[PDB]
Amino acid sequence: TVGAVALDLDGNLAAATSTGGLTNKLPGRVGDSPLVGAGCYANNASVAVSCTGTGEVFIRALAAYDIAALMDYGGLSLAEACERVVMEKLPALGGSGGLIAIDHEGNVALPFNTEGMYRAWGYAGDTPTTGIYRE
């Protein structure tokens, strides 16, 4: 699974997710990656999210839109919504993985509950940061 989230100079949010799925996967199995609000969501009012992990749980918990709904309706910050979703609700359902999120206000978050998440981010005009492990 791979993903991208962006906030542009127009203040537009977008999200993309692509995957080959799971090694040895049962043919015809679909995880969260192609499913709007499971593995991929973007709304100028809230957040752009792309997800990676145990796709069944990301679907059941509608992880991507749940970030959006926690922020928009719950009044959570991106940080709060990310913690709630990735560190609490997804583990609660036996979901492992993480996601990348940018909100309408230009906050970026890259939560994961796994050992690693191949990730990077950068502000336009700034030096980018890359990561694999925690810390």
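A residue's number is simply how far along the shown sequence it sits, counting from 1.
Peer 1: Comparing 44-52 with 65-73, where is the mean C-alpha B-factor higher?
Peer 2: Between 65-73 and 44-52, it is 65-73 that shows the higher mean C-alpha B-factor.
Peer 1: Comparing 90-98 with 29-37, where is the mean C-alpha B-factor higher?
Peer 2: On average, C-alpha B-factors are higher across 90-98.
Peer 1: Going by the recorded CA B-factors, say which third of the chain residue 12 sits in, lowest, middle or highest.
Peer 2: Middle third by C-alpha B-factor.
Peer 1: Determine, from the deposited record, the chain-internal third of the Cα B-factor for residue 78: lowest, middle or highest.
Peer 2: Its C-alpha B-factor belongs to the highest third of this chain's values.
Peer 1: Could you place residue 131 in the lowest, middle or highest third of its chain by Cα temperature factor, using the values in the record?
Peer 2: Its C-alpha B-factor, which the entry lists for residue 131, ranks in the middle third among residues of this chain.
Peer 1: For residue 113, return the chain-relative third of its C-alpha B-factor as stated in the PDB record: lowest, middle or highest.
Peer 2: According to the entry, residue 113 has a C-alpha B-factor in the chain's middle third.
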